[PDB]
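Visitor: Quick one: the structure is below, and I'll ask about it shortly.
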Amino acid sequence: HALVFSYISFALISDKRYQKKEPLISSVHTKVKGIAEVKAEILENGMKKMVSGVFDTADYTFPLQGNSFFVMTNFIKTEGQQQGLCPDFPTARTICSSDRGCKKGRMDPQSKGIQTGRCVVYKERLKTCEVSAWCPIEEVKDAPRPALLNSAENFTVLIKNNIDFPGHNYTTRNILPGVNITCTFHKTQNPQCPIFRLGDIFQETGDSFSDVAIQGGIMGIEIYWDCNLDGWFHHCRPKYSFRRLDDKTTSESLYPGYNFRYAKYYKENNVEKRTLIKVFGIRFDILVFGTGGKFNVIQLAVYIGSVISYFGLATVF
Amino acid sequence: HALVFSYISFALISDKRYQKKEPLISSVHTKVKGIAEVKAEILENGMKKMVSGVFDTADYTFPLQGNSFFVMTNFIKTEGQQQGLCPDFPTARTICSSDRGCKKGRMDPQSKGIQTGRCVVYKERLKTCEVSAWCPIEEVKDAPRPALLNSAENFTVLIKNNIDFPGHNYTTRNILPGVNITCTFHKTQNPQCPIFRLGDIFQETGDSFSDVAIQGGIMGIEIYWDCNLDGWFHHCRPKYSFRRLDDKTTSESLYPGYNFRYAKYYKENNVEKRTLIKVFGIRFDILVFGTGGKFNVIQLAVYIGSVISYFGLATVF
Amino acid sequence: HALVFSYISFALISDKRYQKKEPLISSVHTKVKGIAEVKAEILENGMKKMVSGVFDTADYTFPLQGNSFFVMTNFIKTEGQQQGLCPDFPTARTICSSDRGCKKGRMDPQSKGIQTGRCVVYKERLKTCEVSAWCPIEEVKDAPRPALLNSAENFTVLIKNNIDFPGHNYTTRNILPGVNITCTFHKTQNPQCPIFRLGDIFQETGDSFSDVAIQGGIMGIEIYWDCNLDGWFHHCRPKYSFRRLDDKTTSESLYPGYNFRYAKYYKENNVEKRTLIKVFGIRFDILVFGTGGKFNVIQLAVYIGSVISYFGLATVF
Ligand SMILES: *[C@@H]1O[C@H](CO)[C@@H](O)[C@H](O)[C@H]1NC(C)=O
Ligand SMILES: *[C@@H]1O[C@H](CO)[C@@H](O)[C@H](O)[C@H]1NC(C)=O
Ligand SMILES: *[C@@H]1O[C@H](CO)[C@@H](O)[C@H](O)[C@H]1NC(C)=O
Ligand SMILES: *[C@@H]1O[C@H](CO)[C@@H](O)[C@H](O)[C@H]1NC(C)=O
Ligand SMILES: *[C@@H]1O[C@H](CO)[C@@H](O)[C@H](O)[C@H]1NC(C)=O
Ligand SMILES: *[C@@H]1O[C@H](CO)[C@@H](O)[C@H](O)[C@H]1NC(C)=O
């Protein structure tokens with residue numbers, strides 16, 4: 001009988017039924033470091049071109065917005081586009097035998113322009129449907145074989161997190177004072193180091209960083225706060241985990257990976273022009289979840305409220 | 001008497017008091033499709049101008065940041081601005097009879113520059129207060145009558161959501177494998193289709209897409225997760241709803257609609273210049289709320305704790 | 001004895017144990033107003049330069065993304081950078097006595113380029129390690145003494161918040177209809193005014209706006225919703241508080257303040273060039289927390305469930 005009430009008291013102790021718990025408030029500030037040297041050969045419009053250059057922080061990333069940041073790992077440039085008419089890029093949907101194959105005004109999800117209803121030669125007696133759009137249309141080409149910014153895994157993101165508990169008067173930050181900032185997070189050797197190498201993140205989740213860096217993906221950093229605001233036992237430290245939020249579908253229809261089309265408008269020869277940059281990379285979403293706990297009498301009097309009935313039926317047997 | 005305890009047991013079953021519930025973690029990835037052909041006539045500075053051009057994804061949208069994305073539906077361009085002095089645009093506040101009407105250094109919330117304290121002619125013996133700013137000052141003109149990118153309603157946003165339950169070992173995604181991705185969400189015909197036409201969203205909420213697209217607004221996509229992590233009955237699917245978060249005030253003071261001023265800096269003739277683009281559109285905020293539920297003994301022993309007292313008083317009558 | 005049951009009933013009344021509480025859904029829309037006149041003298045590469053110009057909304061801010069916005073308060077420009085080789089900027093780590101001091105391919109976290117392994121003169125027989133990068137390398141210089149956009153504190157952010165309670169059928173907005181929008185938030189004189197002067201925010205938190213505006217920081221706006229969805233007593237208004245989320249470390253290693261490196265690519269003389277803008281400012285994170293409360297029988301029958309045991313043991317004494 002009494003051991004049953006020690007099981008109730010156990011449920012209280014271990015389940016922290018005596019504590020009030022409150023959802024944590026998270027603010028995030030991330031600063032990434034590293035530079036990537038890009039020397040590769042890439043064929044554009046059937047002509048080989050040499051891509052050489054250095055990429056510093058400004059060239060491959062922007063500031064954190066909404067608790068997530070992005071790291072361009074690959075890209076494709078289509079310079080000199082300008083408003084006009086041009087034959088769409090040859091694909092199963094763009095290729096026409098005669099003017100009747102193209103319907104004027106038609107626009108297909110794969111096309112970047114509105115059809116003109118006319119069939120015209122793209123190259124060497126091979127005709128696609130003419131469209132109106134930014135010309136010439138970007139190639140329906142795959143990303144470079146090895147990701148141009150393959151060095152991305154060697155980069156290091158420094159994460160600084162500030163968690164607040166409105167219910168209590170308690171606020172704290174990921175980086176406690178006086179810690180040795182020279183470190184690299186390790187599941188075991190540096191569980192509280194806020195410097196994270198990207199390749200390490202991809203290994204922890206068991207995903208090859210290069211593969212994802214070719215077409216892009218969405219990684220995810222989780223920060224757990226099981227904080228105890230009690231004077232007796234008080235613990236409040238983060239728990240870093242890693243999960244690949246990216247879907248990994250691998251189906252043209254579900255737009256696999258992570259990539260977006262960036263536009264850089266400029267004027268040349270009194271003409272309105274636009275360089276189009278298809279950008280691939282990993283987007284890192286930082287997910288911070290917390291629960292603050294303190295001693296509460298009302299919760300112990302309600303838990304007592306249930307335990308006194310449980311006690312009456314326990315004594316009835 | 002016993003029917004009272006069947007009412008308690010009912011409250012348990014229907015209220016899921018036996019389950020532990022946990023807040024869901026949401027990651028969002030949105031890819032929008034569609035292109036808008038813009039041919040319209042718009043008067044700038046008293047002179048008619050012809051706006052013709054095609055707008056692809058890159059021209060009217062940027063990537064999702066913070067679980068929300070934006071779709072430019074209208075705009076106004078003020079090309080060639082450069083640092084200098086110019087007479088402010090004529091309005092009830094800018095118009096002066098004499099140099100005494102303007103105070104040097106004064107800046108009014110409607111003005112885009114600091115007054116020079118001098119009264120100067122803007123056009124045809126009509127004087128406004130001279131200011132220092134990007135010159136010439138953007139017209140205090142209304143947005144184009146029909147939204148230039150009125151085609152926006154025909155666009156389709158594909159939403160991909162990944163929800164995780166840290167408490168459990170359970171993670172899932174909006175798009176289950178093998179589904180027919182060729183679809184358009186319908187309240188009844190496609191409750192799980194993640195392709196959403198914008199016009200459909202505006203109809204569901206009962207707002208004309210054109211009206212909002214003229215001056216801009218903030219729409220809102222809600223995704224409900226009432227997931228049951230029990231082995232007996234396990235359900236975990238999203239519930240799409242639509243709500244217009246935009247205020248719809250219609251008062252100059254409350255800055256109605258959604259619009260922002262974008263700056264494009266460029267150099268011409270060894271001069272620093274800036275094209276100013278007032279941008280109008282709908283911002284789409286994706287709100288994902290979830291609750292995961294599993295069987296918990298401590299909660300059933302505490303609910304039992306209350307139900308045994310309720311039982312004692314029920315028997316006392 | 002009975003006073004004990006009035007203490008239980010008190011815990012019910014004051015703790016609102018009879019109510020079901022639900023987490024609030026927050027949407028935020030912020031429009032900032034103000035313009036800053038920048039006239040200052042700043043030395044670049046050992047030569048004095050005069051920075052004069054006006055800065056309107058477009059020049060110093062972008063739209064809210066993820067419930068936070070940014071206000072550039074200071075900056076440093078490095079115009080004309082272009083891909084090439086150049087001697088790194090002289091610092092304790094870049095300075096070399098001989099070619100042996102530099103290792104080819106080496107890249108240090110402070111460096112913005114990959115070393116060429118060669119020691120070259122930066123200026124006046126003082127040699128740094130040659131690197132490949134955007135040349136010339138940005139100066140390792142401190143921000144301007146008084147923040148160029150020191151006027152930032154006089155700016156006014158208008159915040160418009162829309163909170164929804166999915167559980168109930170209840171939705172509301174920060175700005176109730178018909179209120180006098182002409183106001184400035186005051187802890188006591190305007191607790192519901194949604195116009196916030198920045199300097200006021202920094203004073204409330206007890207931080208000098210100028211100091212933070214020199215190197216940058218992360219401020220934080222909190223909006224409390226302790227809403228009561230009961231018909232008897234119904235209150236649903238926001239509670240504005242201010243907290244400095246910024247860390248304030250003041251250690252080179254922890255990247256103190258708030259600043260990022262922005263890149264503006266342009267072409268000159270058939271050459272690829274890049275103006276680099278180190279941007280400093282305050283990022284304002286808007287934290288909205290809410291709890292909606294209504295009357296619930298199941299919660300009053302479970303609280304009664306605990307209170308009937310508490311009653312039995314109370315009577316046992
Ligand atoms: C990344 O760094 C490792 C050393 O940690 C090096 O062996 C490897 O070659 C580097 N890879 C790239 C692409 O820079
Ligand atoms: C930090 O740790 C590294 C070794 O990981 C050591 O070389 C360095 O001296 C330490 N610095 C401080 C300040 O403790
Ligand atoms: C949008 O598409 C519909 C067909 O679904 C068409 O009737 C309508 O004219 C289109 N409107 C615009 C502005 O493209
Ligand atoms: C998907 O559904 C459409 C009809 O809505 C049909 O035409 C198409 O063949 C289907 N595809 C698959 C793979 O089921
Ligand atoms: C800010 O405004 C105050 C008046 O409210 C004025 O006294 C002060 O000089 C202004 N400072 C700047 C930097 O504009
Ligand atoms: C708003 O209050 C100000 C004083 O703070 C007053 O001058 C103005 O007339 C008021 N406007 C309205 C519409 O109440």
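By convention in this document, the chains of the structure tokens carry letters A, B, ... by their order, each chain's residues are numbered from 1, and ligands are numbered from 1 in the order they are shown.
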Write out as a VMD selection string every residue belonging to chain A that has an atom at most 9 Å from any atom of chain B, counting only C-alpha atoms.
Guide: chain A and resid 8 11 to 12 15 64 to 69 83 to 84 107 to 109 111 to 114 132 to 134 218 220 245 to 247 249 253 to 255 258 to 263 266 276 285 287 289 302 to 313
Visitor: Produce a file of the selected residues containing N, CA and C atoms, as a compact mmCIF listing (two decimals), in the first residue's frame.
Guide:
```
# COMPACT_ATOMS: atom_id res chain seq x y z
N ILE A 8 3.29 7.26 -6.28
CA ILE A 8 2.70 8.57 -6.55
C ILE A 8 3.73 9.66 -6.31
N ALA A 11 6.12 9.70 -9.09
CA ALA A 11 5.59 10.39 -10.26
C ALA A 11 5.68 11.90 -10.08
N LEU A 12 5.45 12.38 -8.86
CA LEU A 12 5.60 13.81 -8.59
C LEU A 12 7.04 14.26 -8.80
N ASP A 15 8.24 13.50 -12.61
CA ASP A 15 7.44 14.24 -13.58
C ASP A 15 7.39 15.73 -13.28
N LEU A 64 20.72 36.80 -40.71
CA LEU A 64 19.67 35.91 -40.21
C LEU A 64 18.34 36.65 -40.14
N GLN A 65 17.30 36.04 -40.72
CA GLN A 65 15.95 36.60 -40.71
C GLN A 65 14.98 35.48 -40.36
N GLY A 66 14.33 35.60 -39.20
CA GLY A 66 13.37 34.59 -38.78
C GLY A 66 13.99 33.34 -38.21
N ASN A 67 15.15 33.44 -37.57
CA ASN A 67 15.80 32.30 -36.92
C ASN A 67 16.28 31.27 -37.94
N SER A 68 16.81 31.75 -39.06
CA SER A 68 17.36 30.87 -40.09
C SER A 68 18.26 31.70 -41.00
N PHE A 69 19.29 31.05 -41.53
CA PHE A 69 20.24 31.70 -42.43
C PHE A 69 20.55 30.76 -43.58
N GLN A 83 14.29 42.07 -71.77
CA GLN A 83 12.93 41.89 -72.24
C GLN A 83 12.90 41.75 -73.76
N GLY A 84 12.20 40.73 -74.24
CA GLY A 84 12.05 40.58 -75.67
C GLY A 84 11.33 39.29 -76.03
N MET A 107 1.18 29.72 -71.48
CA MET A 107 2.31 29.72 -70.55
C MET A 107 2.29 28.42 -69.76
N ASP A 108 3.39 27.67 -69.82
CA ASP A 108 3.50 26.41 -69.11
C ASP A 108 4.36 26.56 -67.87
N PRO A 109 4.03 25.83 -66.80
CA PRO A 109 4.80 25.96 -65.55
C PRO A 109 6.30 25.84 -65.72
N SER A 111 7.92 26.85 -68.44
CA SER A 111 8.35 28.00 -69.22
C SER A 111 8.49 29.24 -68.35
N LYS A 112 9.45 30.10 -68.70
CA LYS A 112 9.66 31.37 -68.03
C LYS A 112 9.08 32.54 -68.82
N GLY A 113 8.21 32.26 -69.79
CA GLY A 113 7.64 33.31 -70.61
C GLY A 113 6.32 32.87 -71.20
N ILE A 114 5.61 33.85 -71.76
CA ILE A 114 4.34 33.61 -72.42
C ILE A 114 4.59 33.30 -73.89
N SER A 132 7.69 35.32 -75.16
CA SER A 132 8.10 36.66 -74.76
C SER A 132 8.53 36.59 -73.30
N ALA A 133 9.76 37.04 -73.03
CA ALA A 133 10.30 37.00 -71.68
C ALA A 133 11.69 37.62 -71.62
N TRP A 134 12.37 37.40 -70.49
CA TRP A 134 13.79 37.71 -70.40
C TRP A 134 14.56 36.79 -71.34
N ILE A 218 17.74 21.90 -46.93
CA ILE A 218 17.36 22.65 -45.74
C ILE A 218 17.78 21.84 -44.52
N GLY A 220 18.75 21.75 -40.25
CA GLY A 220 18.02 22.21 -39.08
C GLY A 220 18.75 22.01 -37.77
N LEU A 245 15.66 19.00 -42.17
CA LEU A 245 14.28 19.36 -42.47
C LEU A 245 13.96 19.21 -43.95
N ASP A 246 14.97 19.33 -44.81
CA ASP A 246 14.79 19.16 -46.24
C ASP A 246 14.07 17.85 -46.53
N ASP A 247 13.26 17.85 -47.60
CA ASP A 247 12.39 16.71 -47.88
C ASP A 247 13.14 15.56 -48.54
N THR A 249 13.06 14.71 -51.76
CA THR A 249 12.08 14.01 -52.58
C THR A 249 12.73 13.37 -53.81
N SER A 253 8.76 17.26 -59.93
CA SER A 253 7.52 17.96 -59.63
C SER A 253 7.54 18.63 -58.26
N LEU A 254 8.21 18.03 -57.28
CA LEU A 254 8.24 18.57 -55.93
C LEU A 254 9.39 19.56 -55.71
N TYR A 255 9.98 20.08 -56.78
CA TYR A 255 11.02 21.09 -56.70
C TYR A 255 12.09 20.70 -55.68
N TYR A 258 17.05 22.99 -52.47
CA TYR A 258 16.80 24.38 -52.11
C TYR A 258 17.53 25.28 -53.10
N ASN A 259 16.77 26.10 -53.82
CA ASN A 259 17.33 27.01 -54.81
C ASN A 259 16.30 28.09 -55.10
N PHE A 260 16.78 29.26 -55.50
CA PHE A 260 15.89 30.35 -55.86
C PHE A 260 16.52 31.15 -56.99
N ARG A 261 15.70 31.92 -57.69
CA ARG A 261 16.15 32.70 -58.84
C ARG A 261 16.27 34.16 -58.43
N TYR A 262 17.50 34.66 -58.42
CA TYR A 262 17.81 36.03 -58.04
C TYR A 262 18.01 36.87 -59.30
N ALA A 263 17.53 38.11 -59.27
CA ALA A 263 17.60 39.00 -60.42
C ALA A 263 18.47 40.21 -60.08
N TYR A 266 20.39 45.86 -64.43
CA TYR A 266 21.36 46.89 -64.76
C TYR A 266 21.05 47.40 -66.16
N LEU A 276 20.47 36.94 -64.41
CA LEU A 276 19.69 36.01 -63.60
C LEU A 276 20.62 34.97 -62.98
N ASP A 285 17.76 26.28 -40.48
CA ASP A 285 16.68 26.73 -39.62
C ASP A 285 17.01 26.37 -38.18
N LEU A 287 15.86 25.93 -34.49
CA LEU A 287 14.64 25.65 -33.74
C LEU A 287 15.00 25.58 -32.26
N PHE A 289 13.46 25.32 -28.49
CA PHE A 289 12.32 24.97 -27.65
C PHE A 289 12.77 24.93 -26.20
N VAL A 302 -3.21 20.74 -6.20
CA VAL A 302 -4.07 20.04 -7.15
C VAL A 302 -3.59 18.61 -7.38
N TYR A 303 -2.27 18.43 -7.48
CA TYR A 303 -1.71 17.08 -7.50
C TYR A 303 -2.02 16.35 -6.21
N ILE A 304 -1.90 17.04 -5.07
CA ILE A 304 -2.40 16.49 -3.81
C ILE A 304 -3.89 16.22 -3.91
N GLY A 305 -4.62 17.10 -4.59
CA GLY A 305 -6.05 16.88 -4.77
C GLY A 305 -6.36 15.56 -5.45
N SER A 306 -5.60 15.21 -6.48
CA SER A 306 -5.81 13.92 -7.13
C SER A 306 -5.27 12.78 -6.28
N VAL A 307 -4.17 13.02 -5.55
CA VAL A 307 -3.52 11.96 -4.79
C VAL A 307 -4.28 11.59 -3.53
N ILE A 308 -5.20 12.44 -3.06
CA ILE A 308 -5.98 12.09 -1.87
C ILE A 308 -7.14 11.17 -2.25
N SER A 309 -7.74 11.38 -3.42
CA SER A 309 -8.67 10.39 -3.96
C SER A 309 -7.95 9.09 -4.25
N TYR A 310 -6.90 9.16 -5.06
CA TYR A 310 -6.06 8.00 -5.30
C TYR A 310 -5.71 7.31 -3.99
N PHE A 311 -5.61 8.09 -2.91
CA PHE A 311 -5.31 7.51 -1.60
C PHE A 311 -6.54 6.83 -1.02
N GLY A 312 -7.72 7.41 -1.19
CA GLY A 312 -8.93 6.79 -0.67
C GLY A 312 -9.25 5.48 -1.35
N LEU A 313 -9.19 5.46 -2.69
CA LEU A 313 -9.40 4.21 -3.42
C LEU A 313 -8.26 3.22 -3.17
```
Visitor: Do you know which residues are within 6 Å of ligand 5 using only C-alpha atoms and all ligand atoms? Can you write them as a list in words?
Guide: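 Those within range of ligand 5 are residues 150, 151 and 154 of chain C.
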Visitor: I need the residues in stretch 146-243 of chain B that are helix (DSSP H, G or I) according to DSSP; give them as a PyMOL selection string.
Guide: chain B and resi 150-154+198-204+209-215
Visitor: Convert the current residue selection to file output with N, CA, C and O atoms, as a PDB file, in the first residue's frame.
Guide:
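The result, stored in result_9.pdb:
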```pdb
ATOM      1  N   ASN B 150      -1.879  42.400 -61.913  1.00  0.00           N
ATOM      2  CA  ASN B 150      -3.193  41.882 -61.552  1.00  0.00           C
ATOM      3  C   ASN B 150      -3.273  40.375 -61.751  1.00  0.00           C
ATOM      4  O   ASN B 150      -4.120  39.712 -61.140  1.00  0.00           O
ATOM      5  N   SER B 151      -2.408  39.820 -62.604  1.00  0.00           N
ATOM      6  CA  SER B 151      -2.399  38.388 -62.876  1.00  0.00           C
ATOM      7  C   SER B 151      -2.028  37.577 -61.650  1.00  0.00           C
ATOM      8  O   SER B 151      -2.088  36.345 -61.693  1.00  0.00           O
ATOM      9  N   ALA B 152      -1.643  38.247 -60.566  1.00  0.00           N
ATOM     10  CA  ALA B 152      -1.103  37.561 -59.403  1.00  0.00           C
ATOM     11  C   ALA B 152      -2.036  36.474 -58.890  1.00  0.00           C
ATOM     12  O   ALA B 152      -1.564  35.441 -58.404  1.00  0.00           O
ATOM     13  N   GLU B 153      -3.353  36.675 -58.989  1.00  0.00           N
ATOM     14  CA  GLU B 153      -4.283  35.684 -58.455  1.00  0.00           C
ATOM     15  C   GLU B 153      -4.138  34.338 -59.153  1.00  0.00           C
ATOM     16  O   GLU B 153      -4.416  33.295 -58.548  1.00  0.00           O
ATOM     17  N   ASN B 154      -3.703  34.333 -60.413  1.00  0.00           N
ATOM     18  CA  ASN B 154      -3.516  33.092 -61.156  1.00  0.00           C
ATOM     19  C   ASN B 154      -2.237  32.351 -60.774  1.00  0.00           C
ATOM     20  O   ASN B 154      -2.017  31.238 -61.263  1.00  0.00           O
ATOM     21  N   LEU B 198      -3.621  31.776 -55.580  1.00  0.00           N
ATOM     22  CA  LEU B 198      -3.821  32.934 -54.714  1.00  0.00           C
ATOM     23  C   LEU B 198      -5.268  33.414 -54.759  1.00  0.00           C
ATOM     24  O   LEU B 198      -5.902  33.614 -53.712  1.00  0.00           O
ATOM     25  N   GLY B 199      -5.809  33.603 -55.964  1.00  0.00           N
ATOM     26  CA  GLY B 199      -7.202  34.001 -56.086  1.00  0.00           C
ATOM     27  C   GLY B 199      -8.136  33.109 -55.292  1.00  0.00           C
ATOM     28  O   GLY B 199      -9.103  33.583 -54.692  1.00  0.00           O
ATOM     29  N   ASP B 200      -7.861  31.802 -55.280  1.00  0.00           N
ATOM     30  CA  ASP B 200      -8.646  30.892 -54.453  1.00  0.00           C
ATOM     31  C   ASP B 200      -8.566  31.286 -52.985  1.00  0.00           C
ATOM     32  O   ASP B 200      -9.583  31.300 -52.281  1.00  0.00           O
ATOM     33  N   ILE B 201      -7.364  31.606 -52.505  1.00  0.00           N
ATOM     34  CA  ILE B 201      -7.208  32.026 -51.117  1.00  0.00           C
ATOM     35  C   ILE B 201      -8.050  33.261 -50.838  1.00  0.00           C
ATOM     36  O   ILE B 201      -8.728  33.349 -49.806  1.00  0.00           O
ATOM     37  N   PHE B 202      -8.030  34.235 -51.750  1.00  0.00           N
ATOM     38  CA  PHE B 202      -8.773  35.466 -51.497  1.00  0.00           C
ATOM     39  C   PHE B 202     -10.279  35.232 -51.543  1.00  0.00           C
ATOM     40  O   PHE B 202     -11.031  35.862 -50.790  1.00  0.00           O
ATOM     41  N   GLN B 203     -10.739  34.328 -52.409  1.00  0.00           N
ATOM     42  CA  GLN B 203     -12.160  33.999 -52.435  1.00  0.00           C
ATOM     43  C   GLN B 203     -12.581  33.303 -51.147  1.00  0.00           C
ATOM     44  O   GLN B 203     -13.600  33.657 -50.542  1.00  0.00           O
ATOM     45  N   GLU B 204     -11.804  32.306 -50.713  1.00  0.00           N
ATOM     46  CA  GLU B 204     -12.118  31.588 -49.481  1.00  0.00           C
ATOM     47  C   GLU B 204     -12.334  32.552 -48.321  1.00  0.00           C
ATOM     48  O   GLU B 204     -13.293  32.417 -47.554  1.00  0.00           O
ATOM     49  N   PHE B 209      -9.362  39.738 -54.777  1.00  0.00           N
ATOM     50  CA  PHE B 209      -7.913  39.772 -54.934  1.00  0.00           C
ATOM     51  C   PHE B 209      -7.449  41.048 -55.625  1.00  0.00           C
ATOM     52  O   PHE B 209      -6.367  41.555 -55.317  1.00  0.00           O
ATOM     53  N   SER B 210      -8.239  41.575 -56.563  1.00  0.00           N
ATOM     54  CA  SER B 210      -7.827  42.778 -57.281  1.00  0.00           C
ATOM     55  C   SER B 210      -7.752  43.979 -56.343  1.00  0.00           C
ATOM     56  O   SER B 210      -6.739  44.690 -56.305  1.00  0.00           O
ATOM     57  N   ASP B 211      -8.822  44.220 -55.580  1.00  0.00           N
ATOM     58  CA  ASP B 211      -8.837  45.347 -54.652  1.00  0.00           C
ATOM     59  C   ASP B 211      -7.596  45.342 -53.766  1.00  0.00           C
ATOM     60  O   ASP B 211      -6.880  46.345 -53.672  1.00  0.00           O
ATOM     61  N   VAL B 212      -7.324  44.210 -53.113  1.00  0.00           N
ATOM     62  CA  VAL B 212      -6.153  44.121 -52.248  1.00  0.00           C
ATOM     63  C   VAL B 212      -4.877  44.306 -53.058  1.00  0.00           C
ATOM     64  O   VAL B 212      -3.917  44.937 -52.599  1.00  0.00           O
ATOM     65  N   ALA B 213      -4.845  43.765 -54.277  1.00  0.00           N
ATOM     66  CA  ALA B 213      -3.641  43.833 -55.095  1.00  0.00           C
ATOM     67  C   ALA B 213      -3.336  45.247 -55.564  1.00  0.00           C
ATOM     68  O   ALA B 213      -2.209  45.510 -55.997  1.00  0.00           O
ATOM     69  N   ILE B 214      -4.305  46.162 -55.495  1.00  0.00           N
ATOM     70  CA  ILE B 214      -4.043  47.542 -55.900  1.00  0.00           C
ATOM     71  C   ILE B 214      -3.105  48.221 -54.907  1.00  0.00           C
ATOM     72  O   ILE B 214      -2.045  48.735 -55.279  1.00  0.00           O
ATOM     73  N   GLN B 215      -3.483  48.233 -53.628  1.00  0.00           N
ATOM     74  CA  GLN B 215      -2.699  48.902 -52.597  1.00  0.00           C
ATOM     75  C   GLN B 215      -1.891  47.943 -51.730  1.00  0.00           C
ATOM     76  O   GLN B 215      -0.996  48.395 -51.008  1.00  0.00           O
TER      77      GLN B 215
END
```
Visitor: Please identify all polymer residues within 12 Å of residue A:125, counting only C-alpha atoms, omitting same-chain residues fewer than 3 positions from it, and present them as a PyMOL selection string.
Guide: chain A and resi 90+95-98+119-122+128
Visitor: Give the strand (DSSP E or B) residues of stretch 19-107 of chain C, as assigned by DSSP on the backbone, as a ChimeraX atom specification.
Guide: /C:19-23,25-33,36-44,47-55,68-87,95,104
Visitor: Quick one: everything within 6 Å of residue C:223, counting only C-alpha atoms, minus sequence neighbours fewer than 3 positions away in the same chain. Send it as a compact mmCIF listing (two decimals) with N, CA and C atoms, in the first residue's frame.
Guide:
```
# COMPACT_ATOMS: atom_id res chain seq x y z
N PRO C 238 -2.72 44.69 -25.10
CA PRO C 238 -1.30 44.36 -25.08
C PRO C 238 -0.54 45.06 -23.96
N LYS C 239 0.58 44.45 -23.58
CA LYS C 239 1.46 44.96 -22.52
C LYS C 239 2.86 45.10 -23.12
N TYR C 240 3.24 46.33 -23.44
CA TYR C 240 4.52 46.58 -24.10
C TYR C 240 5.64 46.66 -23.08
N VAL C 288 5.93 38.47 -29.20
CA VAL C 288 4.53 38.51 -28.80
C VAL C 288 4.17 37.18 -28.16
```
Visitor: Please provide as an MDAnalysis selection string all residues within 10 Å of stretch 45-51 of chain A, with the sequence filter that same-chain residues fewer than 4 positions apart are discarded (counting only C-alpha atoms).
Guide: chainID A and resid 38:41 78 138:139 141 148
Visitor: Could you take the residues named above and write them with N, CA, C and O atoms, as a CSV table (one decimal), in the first residue's frame?
Guide:
```
chain,number,residue,atom,x,y,z
A,38,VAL,N,36.8,29.5,-55.5
A,38,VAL,CA,36.0,28.8,-56.6
A,38,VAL,C,36.9,28.9,-57.9
A,38,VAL,O,37.0,29.9,-58.5
A,39,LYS,N,37.4,27.7,-58.3
A,39,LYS,CA,38.1,27.6,-59.6
A,39,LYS,C,37.5,26.3,-60.2
A,39,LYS,O,37.7,25.2,-59.7
A,40,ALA,N,36.7,26.5,-61.3
A,40,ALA,CA,36.1,25.3,-61.9
A,40,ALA,C,35.8,25.7,-63.4
A,40,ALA,O,35.9,26.8,-63.8
A,41,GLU,N,35.5,24.7,-64.2
A,41,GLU,CA,35.2,24.8,-65.6
A,41,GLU,C,33.7,24.4,-65.7
A,41,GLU,O,33.3,23.3,-65.3
A,78,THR,N,23.2,33.6,-65.7
A,78,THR,CA,22.6,33.8,-67.0
A,78,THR,C,22.7,35.3,-67.2
A,78,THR,O,21.7,36.0,-66.9
A,138,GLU,N,17.0,31.1,-69.6
A,138,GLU,CA,18.0,30.4,-68.9
A,138,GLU,C,18.0,28.9,-69.4
A,138,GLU,O,17.0,28.3,-69.6
A,139,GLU,N,19.2,28.3,-69.5
A,139,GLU,CA,19.3,26.9,-69.9
A,139,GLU,C,18.6,26.0,-68.9
A,139,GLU,O,18.7,26.2,-67.7
A,141,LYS,N,19.6,23.4,-67.7
A,141,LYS,CA,20.8,22.6,-67.4
A,141,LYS,C,20.9,22.3,-65.9
A,141,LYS,O,20.3,22.9,-65.1
A,148,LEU,N,30.3,24.4,-56.8
A,148,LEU,CA,31.3,25.4,-56.9
A,148,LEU,C,31.8,25.8,-55.6
A,148,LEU,O,33.0,25.9,-55.4
```
Visitor: So that I can check the surroundings of stretch 229-236 of chain B, please list as a list in words every protein, DNA and RNA residue that reaches within 10 Å of it, counting only C-alpha atoms and ignoring chain neighbours fewer than 3 positions away.
Guide: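 Returned residues: residues 19, 20, 21, 165, 168, 169, 170, 172, 173, 174, 224, 225, 226, 239, 290, 291, 292, 293, 294 and 295 of chain B.
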Visitor: Skip residue B:2 itself and residues of its chain fewer than 3 positions away, then list as a list in words all residues within 12 Å of it, counting only C-alpha atoms.
Guide: residues 5, 6, 7, 8, 9, 311, 314 and 315 of chain B
Visitor: Kindly give the distance, in Å, that separates atom 14 (O, counted along the ligand's line) of ligand 6 and atom CA of residue B:101, rounded to a single decimal.
Guide: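 Result for atom 14 (O, counted along the ligand's line) of ligand 6 versus atom CA of residue B:101: 25.7 Å, one decimal.
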